[PDB]
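This report concerns only the one structure given below.
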Amino acid sequence: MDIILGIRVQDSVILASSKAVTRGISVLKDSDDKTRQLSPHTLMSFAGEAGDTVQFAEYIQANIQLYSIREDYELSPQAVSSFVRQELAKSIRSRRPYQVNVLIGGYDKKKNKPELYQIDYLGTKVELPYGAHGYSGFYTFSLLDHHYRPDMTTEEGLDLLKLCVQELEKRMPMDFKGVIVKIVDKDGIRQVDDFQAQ
Amino acid sequence: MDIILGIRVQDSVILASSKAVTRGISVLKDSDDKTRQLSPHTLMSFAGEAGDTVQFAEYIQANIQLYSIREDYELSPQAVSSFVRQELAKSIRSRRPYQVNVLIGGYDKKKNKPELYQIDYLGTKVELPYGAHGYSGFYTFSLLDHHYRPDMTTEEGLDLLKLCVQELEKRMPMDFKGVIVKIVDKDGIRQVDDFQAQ
Amino acid sequence: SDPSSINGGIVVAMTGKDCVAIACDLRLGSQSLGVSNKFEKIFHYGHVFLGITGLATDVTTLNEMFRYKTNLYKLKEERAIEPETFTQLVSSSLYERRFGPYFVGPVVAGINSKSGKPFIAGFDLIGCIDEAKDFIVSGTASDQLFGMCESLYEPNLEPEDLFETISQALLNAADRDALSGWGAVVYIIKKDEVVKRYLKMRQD
Amino acid sequence: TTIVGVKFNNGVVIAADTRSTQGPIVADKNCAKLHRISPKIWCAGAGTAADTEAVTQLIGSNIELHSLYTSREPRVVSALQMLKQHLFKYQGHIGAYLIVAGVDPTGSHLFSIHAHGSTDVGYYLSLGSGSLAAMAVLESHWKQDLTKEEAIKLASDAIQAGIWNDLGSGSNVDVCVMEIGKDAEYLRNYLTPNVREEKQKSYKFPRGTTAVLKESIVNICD
Amino acid sequence: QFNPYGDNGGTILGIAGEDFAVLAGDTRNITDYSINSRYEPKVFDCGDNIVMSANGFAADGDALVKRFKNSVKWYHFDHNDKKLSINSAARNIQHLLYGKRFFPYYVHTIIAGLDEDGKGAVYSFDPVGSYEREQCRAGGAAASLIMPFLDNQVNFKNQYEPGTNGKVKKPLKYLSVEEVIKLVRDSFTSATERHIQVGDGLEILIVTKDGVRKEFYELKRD
Amino acid sequence: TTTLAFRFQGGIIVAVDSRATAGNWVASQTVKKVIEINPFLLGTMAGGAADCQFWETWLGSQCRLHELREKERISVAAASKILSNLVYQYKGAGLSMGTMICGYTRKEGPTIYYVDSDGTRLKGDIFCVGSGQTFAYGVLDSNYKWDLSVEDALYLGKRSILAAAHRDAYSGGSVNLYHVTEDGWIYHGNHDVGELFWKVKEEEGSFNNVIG
Amino acid sequence: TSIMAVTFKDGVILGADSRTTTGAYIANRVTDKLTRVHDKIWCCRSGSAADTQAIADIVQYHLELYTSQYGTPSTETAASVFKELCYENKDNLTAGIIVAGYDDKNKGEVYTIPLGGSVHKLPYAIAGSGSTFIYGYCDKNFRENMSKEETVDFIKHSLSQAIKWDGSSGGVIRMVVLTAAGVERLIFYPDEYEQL
Amino acid sequence: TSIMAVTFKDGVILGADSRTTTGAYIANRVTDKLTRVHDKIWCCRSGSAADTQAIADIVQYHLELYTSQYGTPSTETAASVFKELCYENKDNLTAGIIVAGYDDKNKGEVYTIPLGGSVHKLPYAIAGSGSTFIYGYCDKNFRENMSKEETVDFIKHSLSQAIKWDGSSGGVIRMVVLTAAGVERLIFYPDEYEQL
Amino acid sequence: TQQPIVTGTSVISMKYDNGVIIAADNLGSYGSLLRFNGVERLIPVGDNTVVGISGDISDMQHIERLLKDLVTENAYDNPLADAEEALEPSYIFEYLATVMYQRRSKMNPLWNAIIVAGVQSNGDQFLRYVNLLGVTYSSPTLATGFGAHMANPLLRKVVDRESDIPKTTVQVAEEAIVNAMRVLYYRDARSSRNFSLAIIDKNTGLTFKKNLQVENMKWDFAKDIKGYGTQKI
Ligand SMILES: *C(=O)[C@]1([C@@H](O)[C@@H]2C=CCCC2)NC(=O)[C@H](CCO)[C@]1(C)O
Ligand SMILES: *C(=O)[C@]1([C@@H](O)[C@@H]2C=CCCC2)NC(=O)[C@H](CCO)[C@]1(C)O
Ligand SMILES: *C(=O)[C@]1([C@@H](O)[C@@H]2C=CCCC2)NC(=O)[C@H](CCO)[C@]1(C)O
Ligand SMILES: *C(=O)[C@]1([C@@H](O)[C@@H]2C=CCCC2)NC(=O)[C@H](CCO)[C@]1(C)O
């Protein structure tokens, strides 16, 4: 599977996602952005089955944007994650389930706190300081369990992730072609265009 | 499978072999030398089943060294490859066959010409200007078919391989952790300790 | 899976007026991957020729085995082995591995040194002999070869004519077979001389 | 394949078609399914060709050696016993289905052996995919006390039923007659009802049609 | 368990001439090693100067041809008796086949006629609707035996100008209906010699600006 | 099969082989692997001939309906998603297709979308699909430059299919070339690999291993 | 197959149909399922034709060597040799054999060796696919110490019923009579037993 | 199971064993396999107990509604309703049913509906695993136009043989006599039929 | 999808100068058990057609019902039902063929092999086959199952091609068929000695013969055969 990582620091949530898209024997793309902005302060990363992955992401995106327009309001990260969990929990018992795992990082403007939600394809949701899907957790969780602190700055979070990615690049068999990193905070979502050598 | 490449230029044979050794979920080593010197002017690279790989290589090495002592002579590269082919051709119809593929690069001091032999685990031997095992050929043969010339210098050969390795590092899904390169010529076998950035 | 469809290749032999011809492609692949364009499938022991299609390792092994056996034969018999006798040696050698056969399709061609009579024969992987008077086909494009031969062939062709026929049979069969091609070689055989010609064909 | 055996007043006759197949392709349009075990004991084989040939020659070899050792003419029941015990031992893995017939000091005999080693005795028999077309004719025209000529005809007609109606059979009809007081007579291609019509055109190529890259003489002399 | 498919053998051939086109097919219908019929037409005149053959599983072939003829009928009903051009029939057939993409008509179908410029035309289809306009195409059992031949004798593949050192390809002069028929007949007599499913008879349908004509020739019955 | 498409200064180059095989049987050496969706859109075919041919032709019908409805040329993004979404509805049914949707619109410029029967839709600059893809990628990756000239680009594509036709048993026959400009695509001929190979060998010096 | 052996006043009679099938095809319609392993010790064969022949042939060989050394063997000894072969090779054999012999001291005796290789001595025995249909009939009509004529009749009627219902049984009905008087071969054609 | 229906001079008699097994265990040893679907139209059930009950129950329902509208149904009509159910649902049913009824115009009639759902009118019919053993016996002893006593005897002997050889058959033998005189229920215990 | 339970074996037939003949034995097998003996597998439709059925018997009975309905239905509002608008053999066949193919296409076949024999209104002979796969074909002779392997070869010795039909008389034809029925009784383990035969002649109409029997069988030579190789007594 692809690398999907997320960390919640003092005032933001950071998502790192691998850029490679491999189909069989070849790496078809090495600049894939496995993410969709659900609202100005909510970002979702995903990994899983070839077509289901984007179809699900865009489907959720469409629904959130529709809600935003109807209510002229932005749903809280918690509300968005529950909506997503329910969608997956329905899918798991349907004819052909969505085989998609997601990380939802959002900044709650009402509580003024960043939030990170991990939800697998079965509709299993949990809220965490940091999380991942697939084998990613196996290589990185020991590092995060060690260096993580609730008061970390965005800069400290980026340094911890960098460390995680390095461990992944050393011990993981597959070349995921680096990661795209995005920060979600009180001001929105921005992409760290400089992680190829930060 | 691992990367096993070989090219025969004007006055030498060059073998490039990946350094990674992956067991399951982890890359256990990234400095593995998948080669055995069979005699002063003959080198053999190999890839295949976990334990069979080295057991076969060392078994062949033992036999050639024994022959060298008994006859106080060094068998021609062609003679060594035929011996190896026969061993594999026996193995393929035995209780538990050696699942090993090899490239045999040697410099024939009598003919004063380098020679490259490709032999798969079935005992299928062929002599070539360049060859490989596994998926390696799929990514590199189009480059070799293009830039190869019988009069290439050792330096030109190394540049062509470098190109091949770069293509492999771009399109192949697995991280093989680079390659160790060795030259076989009238003076013996030496290792290019500088290919990590040649 | 099928040992006879891994490396690919074809061989075809024909009889003519006081002559015989045996031809083969030069490909050696690993399924879709082409590996060698110089893998000849024809060999000869004295004046007797043998072409082998099928699993490459067995093709190589069989040639080495027959070289070995025909050498000892010459040493004891004090004469080179003949087409008819060799054919019998091939058959019994293959049947000897009846329940663990070599995955090959052998083809014998030659002229009896004493009777001057042209001779060709084919075998299945376990030795069954097929002694045709016209032609014999073997390989991954054998259906195509049967098609070419059954139409193109006619009796008593002269060496120069048989050459054109055998070549057209080979070439057009190989171009309808994904695993055959990448070069071809034809052997025109007469009581006194043997000419070997490499053909020019597509390389895809 | 269509093979048959028919007893007549003073001997036995066996016949067979000449088609050999590899799946739906005809590998040999004129193979020989009639084998000799000894001078006067012939065999018709169906099933795996390499097997019928190999098994026929093996027992044939031992039968010859037995004959030399006993100073007696080989008997059909001996070839039968050696064949069945050999086939039984290989549990059917040697795909030989045979119709063994011949004359010896005790008279004329007709038997059939299946790959698994079981044998049968009868006045008329047939094996192979053409077996049913052939047997239909035998069950319709056989009668006791056939003359040699009648037997050849019946047998020959049985093979034809197979050539024409069975896709597994075709080409020609081979026959072998074994009469009690005479030499066995092998009639190769006793019938050839399937000659190919003249082709519509000649495909003889004008010399030079084929592109040649390199040419050379091959050394045959040591 | 129940298998909805079967294989009735047969081989069909379509060749497009410059201003004519032929669609031939043997008349033998089989099941395993038995002949169901020595004469069961497999190539049909579907009106509007279009001939069609769907070879493979006969029940499927019949259903398709029957559905297509009915398509031509309604084309007339719905488009003021307009003539269905060969290219339009081809596209229509693609949809007929693709309609059963998940429970295919187990056939290789080929239609022949003249395009809108009066030129000879042949179209061959996939069991699932993939199609291409082609010069000539053999379909069915012996397809692998015939195509190589045609590449050589119709498109002059691998044939060069004597003396040019294979530097000059033999010129593509085009064949007459008589020369084409010869190739067709030799193609089938050859296939009949090596394939057990090919034989009994050959029926050719020729299409010209004057309509559809039929010719018939016997093939070996073994 | 070997099909490729790449973006460059002069638009898009699309090159495909023309071989069709069922097992080891070469069903054809003259198959079309490029669908002319319409005068401005090209589609490549890899995998199932019927699936590609059928749905890509249908795609054209949908594109045409769009332009009649919106009185404006359809975007490559939108045309590709129509096929993508259709194919996704069938996910699991067994469709088999590896495809490249190519166009050049004023709004988007040269655009290529890889679309397969798994439902994957990827925008990119270089794509190769088929059993010969790895061979074409090798040639393409080492000679591709955004500033290639239309003449040189056309050759790169032709050469890349040649590399694949040579090594891949399932690729060959001939090469069909296309150039896609904002004003439409320009067909650039059918090149028999048989002849193309010897020519390229002599003129280029490559394929030194093959005796000519 | 339909085979049976019946002991009576003067000895014992063996009977059998003459059909061997390979699927729906009748490979042989005049088969002889009654096999001699000694002058007055015969057997009825069912199951594999190849297996039962090989077994019978070996038993005959054994009883011949037995005779050469110890004189004529008892029917029990013959059934024992059959058993040894069938039991010890149960994994590779499919043979249902009825052994029947005539001794002067013991008169007629019948031993049935079913699939597993067990032995069962009985007044009479039936076996073969066709026997399933005549269990009731045979059990109702068999009597001990019947005459040669009665016994031939019992067998003839029993087997005709077996042949009637069993597609695997057919052809002619063969019988072998074993008494002090010697060995007699009987055969009954369709036209006779079908209308019983 | 062993079941049979036999037509005779005065009508028809149905008979059956009373054993239902689940493997080697006898779940019920006093089972009643003779089921009424109308006053003088009964059936014999074999195969699935659940399937045959559901079928019978539905047939009874159908014949009751038939009677309400068109009066008493013919035995043939009853066999047809059974058939419709068995044929149309052949994939999900395992039912071997013998239908037997007494008409004044037609007297006794017997229809056997085997597994596939086909119908067969016969003078008498046998079914159930146990029937295989009495094919010969029944074919030799059945006669048309027998008396009530003879018919009861034929059935009693036939079934006792079936129960004898078939482990799936046993218990008591039940019979149902259908004549103009009405409906009579007969039962025979082991101690009686075992020593026949 | 299903599996046949009670089955009928071969159905053989051929056409002669003035009509067609068709026959089938009276057995209904149940696996290897020759269970039913009064089964008629020749179904006459009107007086110019006979449908011979092999395979599953419950399905055969179903086809019987379908056939009776066709007759009833064709009679409705049809004043020429017994004349110009009576059922032709070709109509009956196209109907069945249609049903057979629809049923295989729904993966629920009528497990049968059918042969429709008859004479068209213009006198032409009609003989066509259709089975559970919907497959159909015509030939001077036609047999199903076992008879395809053993009867066709015999019948074809009488009528090998079209030009042989006008040269064949009802006597020769009926003779060939009756002999074939005997051969089938000799080698087919699922055959019966009793059978029905029907002739549809453009002059004598439909003749339906019931309760025939294989006669003149050769079994005497069986007495001379003993052992399986070396046995002498
Ligand atoms: C007939 O038995 C058989 C023949 O090809 C061989 C050839 C030579 C001697 C033995 C008989 N054997 C087969 O396997 C074929 C049929 C396969 O279905 C064929 C042609 O019947
Ligand atoms: C290439 O993908 C392919 C071609 O036969 C088709 C033909 C026409 C248009 C789509 C491409 N597809 C296959 O399945 C073939 C290989 C099967 O092993 C082949 C030749 O690669
Ligand atoms: C009877 O048991 C059996 C006979 O063919 C053989 C023939 C000769 C001696 C042993 C008995 N055995 C079978 O396997 C046959 C049925 C095959 O379906 C048959 C007729 O039952
Ligand atoms: C008889 O067919 C059967 C009986 O248990 C049922 C019981 C009541 C009415 C229908 C017949 N069916 C079976 O499945 C039983 C055997 C299970 O191993 C038995 C006794 O044969």
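In what follows, chains are A, B, ... by sequence order, proteins preceding strands, each numbered from 1. When a ligand or atom number is given, it counts from 1 through the structure's own listing order.
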Task: Backbone or side-chain N or O of H/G47 under 3.5 Å from ligand 4 N or O - done: yes
Task: Proximity to ligand 4 by part of H/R19, non-hydrogen separation under 4.0 Å - done: backbone
Open item on the list: Below 3.5 Å, N or O to N or O, backbone or side chain included: is there any such pair between G/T1 and ligand 3?
Closed with: yes
TODO: Kindly say whether H/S169 contributes a backbone atom to a donor-acceptor pair with the side chain of H/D17 at under 3.5 angstrom?
DONE: no
TODO: Look at ligand 3 and say whether G/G128 reaches it with a heavy atom at a distance under 4.0 Å.
DONE: no
Task: Pair H/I126-H/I134, side chain to side chain contact (heavy atoms under 4.5 Å, CB included): steps then yes or no - done: CA-CA 8 Å; H/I126 62 299; H/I134 53 161; 4.2 Å; yes
Open item on the list: How close do E/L97 and E/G129 get, counting heavy atoms only, and between which atoms?
Closed with: CB-N, 3.5 Å
Task: Centroid-centroid distance, F/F135 to B/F138, less than 6.0 Å - done: yes
- [ ] For H/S46, take its heavy atoms, then give the atoms of ligand 4 lying under 4.0 Å from any of them.
- [x] 2 (O), 10 (C), 11 (C)
Task: Cationic tip of I/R35 above I/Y30 ring, under 6.0 Å, 45° of axis - done: yes
TODO: For residues H/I173 and H/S160, report the shortest heavy-atom separation together with the two atoms involved.
DONE: CD1-N, 3.9 Å
- [ ] With I/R190 as the cation and I/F146 as the aromatic partner, state whether NZ or CZ is under 6.0 Å from the six-membered ring centre and within 45° of the axis.
- [x] no
Close N/O pairs between ligand 2 and protein, under 3.5 Å:
{"residue": "ligand 2", "atom": "2 (O)", "partner": "F/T1", "partner atom": "OG1", "Å": "2.3"}
{"residue": "ligand 2", "atom": "2 (O)", "partner": "F/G47", "partner atom": "N", "Å": "2.9"}
{"residue": "ligand 2", "atom": "12 (N)", "partner": "F/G47", "partner atom": "O", "Å": "3.0"}
{"residue": "ligand 2", "atom": "21 (O)", "partner": "F/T1", "partner atom": "N", "Å": "2.8"}
{"residue": "ligand 2", "atom": "21 (O)", "partner": "F/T1", "partner atom": "OG1", "Å": "3.1"}

Task: Geometric class of the E/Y131/E/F125 ring pair [parallel <30°, tilted 30-60°, perpendicular >60°] - done: parallel
